[PDB]
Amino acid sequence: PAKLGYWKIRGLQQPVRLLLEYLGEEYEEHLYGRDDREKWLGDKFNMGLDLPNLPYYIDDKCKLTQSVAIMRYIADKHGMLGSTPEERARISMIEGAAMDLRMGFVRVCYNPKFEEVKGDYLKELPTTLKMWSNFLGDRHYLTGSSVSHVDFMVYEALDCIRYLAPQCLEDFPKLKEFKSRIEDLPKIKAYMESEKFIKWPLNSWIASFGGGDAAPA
C-alpha cells in the first residue's frame, strides 16, 4: 500500500483520505497526535522527502508532499485530471478556488481575536457560497457527472464551515444537495461510519476555532 502521514486532524488531509477511500485504493497512514510534534521533527528529514512537510505520501514509485499534489497524483493514475490542456486547467482552477474556500476558514479560525472578527467572515460568506452555487448549476458534481478530487476538497470545506455557521447552507440547497450526494456515495458513507474516520478536530488543536479536543454544539 501507499504510506501517508499527517497530524491526527482533518485539515488538509481529509480530502486525500476521502479520495483514496472513494477509489478503493489501499493505504496506511501514520497519525501524529497532539504531543508528537518532536517525533515528526525527527522523521521529517529521514523519509527521503525532497521538500519535507505534512502531509506526505510515500510508495515504491513516488515520494510526495503538498496535499493537492498528492490528490493529483492519485487522480492522475486513474485518468481523472482532464484530457485536454483546457480541461486540466479548469480542474486546476476549481482546485485552487477550493483551497481558497478551505484557507479562508483557516485564517478566521487562527485569529488571536477570533470572537471579534467572525462577524465579518460570516458576512462575506454568503457571497462566496453564492459563487460556488452558481458554478455548480444543475450538475451533480463540480466537473460534470463523475466525482473528482476537487469535489472532496469542496465537500470538506463546506462540512467544516458549517460548524461555525450551521445554517449557512439553508440559502444554498444545491450546495446542501451536493454535500449529501458526497456523503451518500457508498464508499464514502461506509468510511464516514468506520473506525478510521476522523471527525474532530477540523484544524490543528491550537486553533481558536475548529480545534480543541471536542466539537462545540
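We number the residues from 1 along the sequence you see.
- Higher mean CA temperature factor between 26-34 and 152-160: 26-34, per the PDB entry.
- A summary of the deposited B-factors shows that, of 72-80 and 93-101, the stretch with the larger mean C-alpha value is 72-80.
- In the deposited coordinates, the residue among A190, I182, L169, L64 with the greatest CA B-factor is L169.
- Among the modelled residues of the chain, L4 sits in the lowest third by CA temperature factor in this PDB entry.
- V16 sits in the lowest third of its chain by CA B factor, as recorded in the PDB entry.
- Sort the chain's modelled residues by C-alpha temperature factor and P173 lands in the highest third, per the entry.
- Split the chain's modelled residues into thirds by C-alpha temperature factor. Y110 is in the highest one.
- For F197, the recorded CA temperature factor ranks within the lowest third of the chain's modelled residues.
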